[PDB]
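Notes to accompany the following structure.
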Amino acid sequence: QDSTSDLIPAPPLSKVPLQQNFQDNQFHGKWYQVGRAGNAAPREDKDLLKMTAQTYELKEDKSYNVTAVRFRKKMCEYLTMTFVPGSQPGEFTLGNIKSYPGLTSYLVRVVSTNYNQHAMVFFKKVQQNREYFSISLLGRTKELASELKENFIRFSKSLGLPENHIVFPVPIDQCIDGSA
Ligand SMILES: [Y+3]
């Protein structure tokens with residue numbers, strides 16, 4: 001007993017650049033997820049199209065405590081995960097993976113960034129032995145130059161993803177900034 005799935009395969013990592021000479025101190029702080037792409041099934045619930053935000057807090061041990069917030073079903077929802085430096089600067093694994101049920105593999109790779117406007121970051125993970133990947137386009141503001149968005153689309157297609165697996169969330173006020 002169980003289940004079936006059909007997923008676009010994760011690309012070979014030779015298709016996924018790594019930011020040269022990654023600077024963890026320059027990367028820390030608040031980012032908006034201005035574009036999202038991945039092999040997971042796109043979801044209908046229109047409320048999910050709202051932009052979310054993340055905070056990368058660099059710790060003394062060089063790990064980040066990463067907090068995301070989204071405005072969902074009238075609530076601010078918060079999720080904090082720990083990113084441990086991986087094999088190469090700009091890569092990370094997941095701290096305390098035993099406490100994520102059904103999650104057996106997790107990898108983060110920063111593809112490119114100029115640290116004070118934008119970033120693209122690649123994620124790959126195995127959740128109930130299905131392989132997912134995603135890419136995020138991060139902005140220091142909630143809006144990004146069109147060319148950055150066009151670059152993000154082309155890079156996502158190059159990894160085998162079609163347009164319908166690529167989205168630009170709608171900016172919002174609730175939760176991701178907070179209060180006047
Ligand atoms: Y996410």
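Residue numbers start at 1 in each chain; chains themselves are named A, B, ... in the order of the structure tokens; ligands are numbered from 1 in the order shown.
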*Please identify every polymer residue within 12 Å of ligand 1, using only C-alpha atoms and all ligand atoms, and present the set as a ChimeraX atom specification.*
/A:32-38,40,48,51-54,66-70,78-81,108,121-125,132-138
Using only N, CA, C and O atoms, please write the residues we just selected to a file, as a short mmCIF file (atom, residue, chain, number, x, y, z; two decimals), in the first residue's frame.
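Result written to result_27.cif:
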```
data_model
loop_
_atom_site.label_atom_id
_atom_site.label_comp_id
_atom_site.auth_asym_id
_atom_site.auth_seq_id
_atom_site.Cartn_x
_atom_site.Cartn_y
_atom_site.Cartn_z
N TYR A 32 12.54 39.10 0.30
CA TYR A 32 11.22 38.74 -0.22
C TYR A 32 11.34 37.66 -1.29
O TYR A 32 12.25 37.71 -2.11
N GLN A 33 10.44 36.69 -1.26
CA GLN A 33 10.39 35.70 -2.33
C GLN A 33 9.53 36.29 -3.47
O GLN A 33 8.29 36.15 -3.46
N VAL A 34 10.18 36.99 -4.40
CA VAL A 34 9.45 37.61 -5.50
C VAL A 34 9.11 36.68 -6.68
O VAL A 34 8.20 36.97 -7.43
N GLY A 35 9.80 35.55 -6.79
CA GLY A 35 9.45 34.53 -7.74
C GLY A 35 9.73 33.15 -7.19
O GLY A 35 10.69 32.97 -6.44
N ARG A 36 8.88 32.19 -7.54
CA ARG A 36 9.03 30.80 -7.06
C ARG A 36 8.88 29.89 -8.23
O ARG A 36 8.01 30.11 -9.06
N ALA A 37 9.72 28.86 -8.30
CA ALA A 37 9.60 27.81 -9.30
C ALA A 37 9.95 26.46 -8.66
O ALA A 37 10.80 26.40 -7.78
N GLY A 38 9.28 25.38 -9.06
CA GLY A 38 9.68 24.03 -8.70
C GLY A 38 8.78 22.95 -9.27
O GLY A 38 7.73 23.26 -9.87
N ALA A 40 6.99 20.69 -7.69
CA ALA A 40 5.76 20.42 -6.96
C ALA A 40 4.55 20.94 -7.76
O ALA A 40 4.64 21.91 -8.55
N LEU A 48 -2.41 31.37 -1.62
CA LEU A 48 -1.01 31.01 -1.64
C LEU A 48 -0.15 31.89 -2.55
O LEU A 48 1.05 31.90 -2.41
N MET A 51 2.85 37.04 -1.55
CA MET A 51 4.28 37.07 -1.32
C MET A 51 4.61 36.73 0.13
O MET A 51 3.90 37.13 1.04
N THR A 52 5.70 36.00 0.33
CA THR A 52 6.16 35.69 1.68
C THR A 52 7.47 36.41 1.96
O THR A 52 8.03 37.03 1.08
N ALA A 53 7.98 36.31 3.19
CA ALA A 53 9.30 36.89 3.46
C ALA A 53 10.13 36.01 4.36
O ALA A 53 9.62 35.21 5.14
N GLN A 54 11.44 36.19 4.27
CA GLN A 54 12.40 35.34 4.96
C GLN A 54 13.45 36.21 5.65
O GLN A 54 13.81 37.28 5.16
N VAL A 66 16.82 30.46 9.58
CA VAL A 66 16.03 31.07 8.52
C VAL A 66 14.57 31.05 8.90
O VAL A 66 13.98 29.99 9.04
N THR A 67 13.97 32.23 9.04
CA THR A 67 12.55 32.30 9.32
C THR A 67 11.75 32.82 8.10
O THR A 67 12.03 33.90 7.57
N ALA A 68 10.74 32.06 7.68
CA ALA A 68 9.78 32.57 6.70
C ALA A 68 8.43 32.91 7.33
O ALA A 68 7.91 32.19 8.20
N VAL A 69 7.86 34.00 6.84
CA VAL A 69 6.50 34.31 7.18
C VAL A 69 5.57 34.47 5.94
O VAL A 69 5.95 34.99 4.89
N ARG A 70 4.34 34.01 6.09
CA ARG A 70 3.31 34.21 5.09
C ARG A 70 1.98 34.55 5.79
O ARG A 70 1.73 34.15 6.97
N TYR A 78 4.60 31.30 10.66
CA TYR A 78 6.04 31.47 10.78
C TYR A 78 6.66 30.10 10.81
O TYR A 78 6.14 29.20 11.47
N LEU A 79 7.77 29.94 10.11
CA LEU A 79 8.48 28.67 10.13
C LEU A 79 9.97 29.00 10.09
O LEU A 79 10.43 29.76 9.23
N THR A 80 10.69 28.43 11.05
CA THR A 80 12.11 28.64 11.25
C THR A 80 12.85 27.32 11.04
O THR A 80 12.54 26.32 11.70
N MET A 81 13.81 27.31 10.11
CA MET A 81 14.63 26.12 9.84
C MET A 81 16.08 26.53 10.00
O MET A 81 16.42 27.70 9.83
N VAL A 108 20.54 23.18 -0.06
CA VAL A 108 20.34 24.55 -0.48
C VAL A 108 21.59 24.95 -1.23
O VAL A 108 22.71 24.66 -0.78
N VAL A 121 18.16 31.14 -5.43
CA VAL A 121 18.61 30.12 -4.55
C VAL A 121 17.87 28.81 -4.93
O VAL A 121 16.62 28.78 -5.08
N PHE A 122 18.64 27.75 -5.09
CA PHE A 122 18.14 26.46 -5.51
C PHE A 122 18.01 25.57 -4.29
O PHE A 122 18.93 25.53 -3.44
N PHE A 123 16.90 24.83 -4.23
CA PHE A 123 16.58 23.86 -3.16
C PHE A 123 16.34 22.47 -3.75
O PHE A 123 15.66 22.34 -4.77
N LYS A 124 16.90 21.43 -3.15
CA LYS A 124 16.52 20.10 -3.51
C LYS A 124 16.41 19.21 -2.28
O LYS A 124 17.26 19.23 -1.39
N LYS A 125 15.39 18.38 -2.26
CA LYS A 125 15.09 17.59 -1.08
C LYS A 125 14.37 16.28 -1.42
O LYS A 125 13.82 16.13 -2.53
N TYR A 132 12.04 16.49 -4.77
CA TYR A 132 11.56 17.82 -5.17
C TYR A 132 12.71 18.80 -5.36
O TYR A 132 13.74 18.66 -4.76
N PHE A 133 12.52 19.79 -6.22
CA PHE A 133 13.45 20.89 -6.29
C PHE A 133 12.66 22.15 -6.51
O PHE A 133 11.48 22.08 -6.92
N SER A 134 13.25 23.29 -6.16
CA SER A 134 12.60 24.58 -6.36
C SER A 134 13.67 25.63 -6.54
O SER A 134 14.84 25.42 -6.23
N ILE A 135 13.28 26.79 -7.03
CA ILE A 135 14.21 27.88 -7.14
C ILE A 135 13.45 29.07 -6.62
O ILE A 135 12.28 29.23 -6.94
N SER A 136 14.15 29.95 -5.91
CA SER A 136 13.53 31.17 -5.46
C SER A 136 14.27 32.36 -6.02
O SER A 136 15.49 32.35 -6.09
N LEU A 137 13.50 33.37 -6.40
CA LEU A 137 14.06 34.64 -6.77
C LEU A 137 13.79 35.56 -5.59
O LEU A 137 12.64 35.80 -5.25
N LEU A 138 14.87 36.03 -4.97
CA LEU A 138 14.74 36.81 -3.77
C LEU A 138 15.02 38.27 -4.07
O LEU A 138 15.93 38.60 -4.86
#
```
*Of the candidates A:109, A:142, A:73, A:118, which shows the shortest atom-to-atom distance to residue 20 of chain A, using only C-alpha atoms?*
A:109
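Atom CA of residue 18 of chain A sits 26.3 Å away from atom CA of residue 42 of chain A.
The space separating atom CA of residue 77 of chain A from atom CA of residue 175 of chain A comes to 8.2 Å.
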*as a ChimeraX atom specification, please: all residues of chain A that backbone DSSP puts in alpha helix (DSSP H).*
/A:24-27,146-158
For the selection you just gave me, I'd like the residues written to a file as a compact mmCIF listing (two decimals), in the first residue's frame, keeping N, CA and C atoms.
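For reference, again02.txt as written:
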```txt
# COMPACT_ATOMS: atom_id res chain seq x y z
N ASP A 24 28.69 34.97 3.43
CA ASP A 24 27.54 34.71 4.30
C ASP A 24 27.06 35.92 5.10
N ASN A 25 28.00 36.81 5.45
CA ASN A 25 27.68 38.05 6.15
C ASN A 25 26.91 39.05 5.28
N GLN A 26 27.26 39.10 4.00
CA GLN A 26 26.56 39.97 3.07
C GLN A 26 25.14 39.46 2.75
N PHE A 27 24.93 38.15 2.91
CA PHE A 27 23.66 37.54 2.53
C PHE A 27 22.61 37.61 3.61
N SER A 146 12.36 43.98 -14.19
CA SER A 146 11.91 42.99 -15.19
C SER A 146 13.00 42.03 -15.71
N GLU A 147 14.19 42.54 -15.93
CA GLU A 147 15.25 41.70 -16.48
C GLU A 147 15.62 40.58 -15.46
N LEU A 148 15.62 40.90 -14.17
CA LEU A 148 15.83 39.89 -13.15
C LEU A 148 14.77 38.78 -13.21
N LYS A 149 13.53 39.17 -13.47
CA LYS A 149 12.44 38.24 -13.54
C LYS A 149 12.56 37.38 -14.80
N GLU A 150 12.96 38.02 -15.89
CA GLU A 150 13.15 37.30 -17.12
C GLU A 150 14.31 36.33 -16.98
N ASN A 151 15.40 36.74 -16.34
CA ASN A 151 16.52 35.83 -16.09
C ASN A 151 16.07 34.59 -15.26
N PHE A 152 15.24 34.82 -14.25
CA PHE A 152 14.72 33.76 -13.37
C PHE A 152 13.89 32.73 -14.12
N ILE A 153 13.00 33.22 -14.98
CA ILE A 153 12.21 32.35 -15.90
C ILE A 153 13.11 31.50 -16.79
N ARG A 154 14.08 32.14 -17.44
CA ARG A 154 14.96 31.39 -18.34
C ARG A 154 15.77 30.35 -17.59
N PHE A 155 16.32 30.73 -16.43
CA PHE A 155 17.02 29.74 -15.65
C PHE A 155 16.12 28.58 -15.19
N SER A 156 14.88 28.84 -14.80
CA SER A 156 13.94 27.80 -14.42
C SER A 156 13.54 26.84 -15.60
N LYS A 157 13.31 27.39 -16.78
CA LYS A 157 13.07 26.59 -18.00
C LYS A 157 14.28 25.73 -18.33
N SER A 158 15.48 26.29 -18.17
CA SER A 158 16.70 25.55 -18.42
C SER A 158 16.84 24.31 -17.51
```
Counting only C-alpha atoms, give me one row per residue of segment 19-72 of chain A with an atom at most 8 Å from an atom of segment 88-91 of chain A, showing the shortest contact pair and its distance in Å to one decimal, sorted by chain then residue number, as JSON lines.
```
{"residue": "A:19", "atom": "CA", "partner": "A:90", "partner_atom": "CA", "distance": 6.6}
{"residue": "A:21", "atom": "CA", "partner": "A:89", "partner_atom": "CA", "distance": 7.0}
{"residue": "A:22", "atom": "CA", "partner": "A:90", "partner_atom": "CA", "distance": 5.2}
{"residue": "A:23", "atom": "CA", "partner": "A:90", "partner_atom": "CA", "distance": 7.7}
{"residue": "A:24", "atom": "CA", "partner": "A:90", "partner_atom": "CA", "distance": 7.5}
```
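If only C-alpha atoms are the atoms counted, then among A:166, A:144, A:180, A:119 the closest residue to residue 30 of chain A is A:119.
With only C-alpha atoms as the basis for measurement, A:11 is the residue among A:171, A:17, A:160, A:11 that approaches residue 131 of chain A most closely.
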*How would you write, as a PyMOL selection string, the set of residues in chain A that DSSP gives as strand (DSSP E or B)?*
chain A and resi 29-38+50+53-58+64-72+75-85+91-94+103-113+118-127+130-139+166-167+170
